[PDB]
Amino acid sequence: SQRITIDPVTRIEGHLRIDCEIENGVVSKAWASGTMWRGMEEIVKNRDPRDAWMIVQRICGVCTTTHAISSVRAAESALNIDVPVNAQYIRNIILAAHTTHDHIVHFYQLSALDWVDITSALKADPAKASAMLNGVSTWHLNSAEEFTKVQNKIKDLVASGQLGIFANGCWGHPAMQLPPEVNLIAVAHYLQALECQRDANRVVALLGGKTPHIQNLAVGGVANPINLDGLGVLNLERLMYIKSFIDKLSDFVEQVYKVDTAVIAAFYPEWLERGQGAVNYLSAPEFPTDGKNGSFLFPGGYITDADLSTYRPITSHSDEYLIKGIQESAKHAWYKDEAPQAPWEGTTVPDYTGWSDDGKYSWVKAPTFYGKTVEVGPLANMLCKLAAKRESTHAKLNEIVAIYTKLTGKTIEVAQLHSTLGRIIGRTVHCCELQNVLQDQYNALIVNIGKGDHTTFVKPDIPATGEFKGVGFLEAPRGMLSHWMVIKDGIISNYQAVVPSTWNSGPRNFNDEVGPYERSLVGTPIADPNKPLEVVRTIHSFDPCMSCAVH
């Protein structure tokens, strides 16, 4: 009956429009729409397979690195290349460090202001705020004096009359539930997060050559020259520099981010009871550690009917079960060919017809796995790891829940993870586990170099004739990413990307079934239809990236 539109949705990447039908004050139906297209799949066509990664990395600069690594993995798949183990270590360090930056920025810079009221922070007693965290965190930057400095920054900003990016936010909104002291704590951590994410990106830069957009990859390995005794190359001094930044990340992740996740949950417990996007979940394994593109540190898998006992593990990037299940349809997207297509047969022919609620309404295609809708991302990857009985994932989850229980006296069951907060918890768990990946892979690299292996690259043999098909999987910060390359007579004849936000933000599918964003919103109460904070909270929990979704 009552229809609202949110366009643009802010604090995401790219251009997203959300519509909701509201019945009796609650969302009864929703539409997600990506409103910008570039045609990156077409732009990369007819080129040397080796060129693709530099072009398609530009699908997105928020999740920089991801499309680059997926693209080289796709060409390596097509050409049957075994990546040298040193190149795996380097790719793994880059991906883990990037994802650390990515998750931190998402929780604080992109998401926190959905839950945090900066004007309420002005009312806080900084001494009280500090005392609240006594015995809750060991973080060294939670003093009343630190909180006072932060509070004065907010005061100065407000007093200036130029709130800028903080202007006209949901200050005073009924759904803002934190006490003033907790709002102040959150703003202090928001600012501290900026330093931590910078350190994570210094790791990425030292191996990538810069960030955003790394430039050290190759079909066949990496471009870093390993030589301990070389001037101007990747030597021991450079490796020590990389290690110095890796060592700076864990304290913030464990003592601030992990803790804030539980604190938010404690003050917003009903958000463990809404925002479910799907009953099926899919994740790819990640961080290969052998010389044959396998032996992943993280397992992947497929779960149906929100039931962990259905878990089907995926531990190979050439698993035909995974490869053969994936299709996309443009029944409700602005493309010409509407029947479901497997990506090796995919087309991307624009057919813009304007937004309509029962027709085509998005530039995002609707992917399916064996014809079903699936949620991807840190919730999917967490649930797969729990189902796989990975001790580290259980322990990390239990740590967050323990803080929650200390604050509330209540517990969190697996059933409650299928929710807006569960999704956020999955992301935090991922970030925590990635710190071990960084330490492990750095050490593996140092050890392997000591065994006399400086190999970083194997030259591809690209046949001048014949057809070759390849797919590169990657578990990106937002979920399972796959690039699909067909090579014919030495050049790219088809290229299709199916991106995690494509899965989550996709419009109604070939069977008219809603995607995760659209499903997650049904049931959401709206205090003010003019300022639908509650919608934005759930959508942000998926960490939308529309340049990724649409490409």
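We number the residues from 1 along the sequence you see.
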Once average C-alpha B-factors are taken from the entry for 223 to 231 and 462 to 470, the winner is 462 to 470
Looking only at C-alpha temperature factors in the entry, 255 to 263 or 205 to 213, the higher average sits in 255 to 263
The residue of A131, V72, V150, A96 with the maximal C-alpha B-factor according to the PDB record is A131
Entry record, C-alpha B-factors for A306, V105, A342, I323; the maximum is at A306
Among the modelled residues of its chain, the C-alpha B-factor of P500 falls in the third labelled lowest
Entry-reported C-alpha B-factor of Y190 relative to its chain, by third, is middle
The third of the chain into which the C-alpha temperature factor of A112 falls is the middle
The third of the chain into which the C-alpha temperature factor of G371 falls is the lowest
Tertile call for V550 (CA temperature factor, within chain, third-based) is the lowest
